[PDB]
Structure formats: C-alpha cells, structure tokens
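Just the one chain here, laid out as structure tokens, in the form solved without the ligand.
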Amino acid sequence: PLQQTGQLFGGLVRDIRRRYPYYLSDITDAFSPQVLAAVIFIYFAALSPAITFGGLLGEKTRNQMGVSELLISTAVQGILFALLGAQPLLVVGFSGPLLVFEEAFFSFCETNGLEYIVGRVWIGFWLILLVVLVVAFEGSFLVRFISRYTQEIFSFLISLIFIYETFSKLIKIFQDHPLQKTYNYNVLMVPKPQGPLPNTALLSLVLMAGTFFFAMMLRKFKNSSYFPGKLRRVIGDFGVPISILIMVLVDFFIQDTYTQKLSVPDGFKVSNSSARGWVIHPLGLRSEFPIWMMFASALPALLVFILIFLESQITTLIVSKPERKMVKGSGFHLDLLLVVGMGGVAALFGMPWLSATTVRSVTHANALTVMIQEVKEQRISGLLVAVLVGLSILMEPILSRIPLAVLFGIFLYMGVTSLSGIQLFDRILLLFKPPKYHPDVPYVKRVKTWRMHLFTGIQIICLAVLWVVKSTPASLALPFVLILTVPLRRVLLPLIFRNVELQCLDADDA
C-alpha cells in the first residue's frame, strides 16, 4: 500500500479501487446488536474528548471556537469520513496536538494584531493546496521515516502538556478566587464573577480530583477480577462517562456554590455570536486582513499538515497492523487527503480541522472486533456515532450543567492514560528503578544500563528543547523542531550509538 507507484494520485486511486467494491457489504454487514453496542461505546468515547477540548479552546480563544463548533465539525466530518473514507473505523476528532497548535496560533495572532479566525481560513486554503500537491507525488512513504523515536517524543510531550495545562488552569482558578478571610459578597457575575468568591477554588479542585480518581478507579476495575466479568468490562468501558456523571451530580446538588460551567449556546449557534457568524469572510471580519499574511500563512499550514500527517498516519499504520487482522483495504493517501481537505473547508467555516486520532480509532476497532476471529467492519456505526455527536449540541440543558473542573479532571486522566504505552515513559521510570529491577525487555538485556540512560537522556533533552520552543514567542515552530528529531535519529544517534543498541532502543512493533 505504501509503495511509490510513480503515477500521479497512484495511492489514492489504488485505495479507492480497493475499497469501493466492499461498500454495500459495509452498509449491510452491521446487521447486529454488536454494532448497536459499539455505537454507544464510541459515542461517549468521542463526546468526552470533544467537550473537554471544546471547553479548553473556548476558554483560550474567548469562544471564537468552542464546544458547539467542535461538536458540529466532528459530526459533519465524521459523516463525510463514514461515507467516503477508505478506513471507516478511523474516528476523526480533535486531538491534543491540534489544541496545542491552536493555542500557539491564537497567541501569535494576538501578539501580531491579526484576526485569528481569518488566519485560520487562509491556513485552511494553504492546507488544501499542500495536500493536493503531496498526494500528487506520494508523500505517505515519508511515514516510514517517522520512527518510534519521534512518535514517543510527540506523545510524551502531548501528555506533559495536558498535565501541565490542567494544573495551570487550576492554579488560575485559585488565583481568580483566592482563599480569603472575607469576601465582598453580592459581587456581580453577568459574564463571570467580578471578584473572588468563597468555596469556588476548593470546590473546583475537589471536583477535578474526584473525577480523576473515579475515572482511574473504574479503569482499574475494568482489569480487575470482580463481578461476572462481562459486566466488569461493560462498566470499565463506561468509566469516564460514569465519573463525569457522578461529579456533575455532586456539583448539581451543591446549588449555593458557584463553579464555572461549559459555555454552550441553546441550539445550532456559534459560541460567541458577537465575535463571528457561521461563515468567515476570507478578506476580514472587522478589519482588512494583511496581504503579507495571506502568502505568509503557508508555514503554519505546513506545520499543521505535519501534525495531522504524523498523528493520522501513525494511527493508520497502527490499525493496519496485520496482527489486528484488518481485512479489506485501508488507505493512507485517501485518509490523509480527506482529513486535511475537510479540515481546510472547516477552517473556512470557522470550525476546527480534525485528525484521525489513535486512541478512539483503536477503541472502535476493539469494540467492533469478535473474540481474534475477525473484525466487523462497517460504515454504519461511525455514521451513527457522528450523527449522535451532532445531536449532542441539541442537549444544551445537560451540557451547561457540566463544571469545567470535571472536564479538567478528564483532561488529566486522558494525559495520564496516554502516558501508558510509551516506551520513553518506561525508560524514564527505569531511570529511578535500580538496575536489579529492570524488566526483561530487549533494550534492558541487550544494552548496557548507562547507554540506555544516555539514550533516554538525549530524548529528555529533545523534550526540554521542544518545551522551551513551546514557551518562547516562536511557539508555532514546535512541529518543525519535532520533525528535526528524524534527522537526529537517522544521522547523529548512529555516531553516538552502535547499530544493535539502536535496533533494541528504537524497535518498531517491539
């Protein structure tokens, strides 16, 4: 599949030919209650990150893009990906890297006095052109260069960003509402409290901690040895939704204290009507968009493409791993083109660009599998999940009751659980464990301990450089510095290390 045919659009046409004949089979292959249960699993698996990321983005962007835009974008793009995608199992949704880039671009626009929502439109135009070119000359083969080194650095950095953002937002909540001897009660809160309030900071902290604790405990219960087993797994799958429900109820029955809630408009309306409308005028909303930025918003498009490409193609090669028995065709070229073109069109509409995310796609595959006898592949479950996510915006009364601290707890849970599968995290943990306790894994046995620690130290240096670039005003360059790790692994590490050490420390498929 990832072979340079040498013909224009060769990969895309090959994938579309591969997957077209199966269409009716996918439509009529669901025909069962297994799909009706996978729909319920993935609806929540997609809604929880959707609302968390929408809340964070609405807070940072001042609701230029928020929960409503994210929900509608996820729904519509999921419908399109279900009808047209080469791999319907892949679930398109806002991810951590996309949020990081969006924060960076919003900060850049604020510093440069530009309209963020219009710079995004121009970035979308450039992304469409870029993907047309990249798919013309097969560039999906570049995913081969993306080694475990860069994937691990990327995932670890995103998890660290999630954790730090959660705790920084909690610190901000405390700063806004400090623990005081006395409060000027009767403060006005039309948009938000104009002064410190009692019990707000501590209650938000308690809500966050409780949501995190309940999610973690249900995760542990999923893998426990309690209850009839099938029910144990059913409850474990519904862990994050149950924790959200529990903490939302706990907050709901405490009526006197104030905690900030999700900002959701009543119906299908933008989060901030005054700031923007449904359609974004490319030339400008309130003021002229600078000409130089129209041409200069191609490096940001390249960085966004780098992020989406890395995430989506890693997901595609994870799902297409032959161990999972992914019968039928999975197309890198078509998936990437569809995802990023839909993202650019959304950017025109003011809605976020999405990327095929690893966790939710893998969970969908696991839900739709049978025993490993086979995997039930359909485009009906994804379509129903997408339409349910779209209708979720209609449920404003429920959503407006959700505290933001609960979503911060879910954010922290997401980061901590994403930390699990990374071998960089395992080696960082081994930095503390004595050598006598080092597991029996290829890189522990076939590499001297101090050389393993040197490898992990170089990875940590790369992480520190990436974080410094995140904090500096040149935040947008972070994807480029991340891609710089590929040359580091393919050029410098061979000088620093021998081939067997790099084989063990960077093995793909383990």
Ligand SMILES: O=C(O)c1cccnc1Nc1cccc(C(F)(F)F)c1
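Numbering starts at 1 and follows the sequence shown.
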*How much of the deposited sequence is absent from the coordinates between residue 371 and residue 372: none, 1 to 3, 4 to 9, or 10 or more residues?*
10 or more
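The discussion below concerns the form deposited with the ligand bound, not included here.
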*Binding-site state, shown form vs the ligand in the entry with it bound, superposed, 3 or more atoms under 2.4 Å of backbone or C-beta*: blocked
*in the entry with it bound, residue 476 touching the ligand (heavy atom, 4.5 Å)*: yes
*Answer for residue 311 alone: is it within 4.5 Å of the ligand in the entry with it bound, judged on heavy atom distances?*
yes
*Do residue 97 and the ligand share at least one heavy atom pair within 4.5 Å in the entry with it bound?*
yes
*Taking heavy atoms only, is residue 332 within 4.5 angstroms of the ligand in the entry with it bound?*
no
*Out of the stretches listed (318-326, 137-145, 157-165, 373-381), which one is close to the ligand in the entry with it bound, meaning heavy atoms within 4.5 Å?*
157-165
*Are all three of 424, 489 and 502 close to the ligand in the entry with it bound, meaning a heavy atom of each within 4.5 Å?*
no
*Using heavy atoms only and a 4.5 Å cut-off, determine which of 365, 307, 197, 419 is in contact with the ligand in the entry with it bound.*
307
*Can you tell me which bits of 193-208 touch the ligand in the entry with it bound, meaning any heavy atom within 4.5 Å?*
none
_in the entry with it bound, the Cα separation between residue 90 and residue 426 changes by 3 Å or more relative to the shown form; did it shrink or grow?_
closer
*Note on residue 407-residue 66 C-alpha separation in the entry with it bound, which departs from the shown form by 3 angstroms or more*: farther
